[PDB]
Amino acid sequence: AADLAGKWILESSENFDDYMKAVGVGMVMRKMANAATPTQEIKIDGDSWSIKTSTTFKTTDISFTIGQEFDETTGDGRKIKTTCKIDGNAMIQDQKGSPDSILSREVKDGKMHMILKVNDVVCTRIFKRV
């Protein structure tokens, strides 16, 4: 999953609104989130990762070590417990909370494919390298 490193910007999104409804995001925040075109900046050093997700207004930062659970507060304010793993080319972010989510990032054809899963919802957000 080493190629995930660098800076990325949203290029396409499918079913993000349904993902947001499923994790309980309110209408006002969903409208703002759907209207955003975020960047992700990903740094990797060994099993040390950080990811900064930015819009012009609001940023979130997380840092973690592969395999080691950490406390995370999502952009929408949910408190969760997250453990990140590597499965081949993908880094998978297993988020435990109310509800659980699984977020995977994998580079395919030079684009970062992010897949956000909650219940039976599958959201796909594709990012291009900046």
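We number the residues from 1 along the sequence you see.
- Of the two segments, 21 to 29 and 113 to 121, the one listed with the higher mean B-factor is 21 to 29 (C-alpha atoms only).
- Just going by the entry, 97 to 105 versus 41 to 49 on mean CA temperature factor gives the higher value to 41 to 49.
- Taking only the listed residues 89, 82, 59, 74, the entry reports the highest CA temperature factor at 89.
- Among the modelled residues of its chain, residue 54 has a C-alpha B-factor that falls in the lowest third, as given in the PDB entry.
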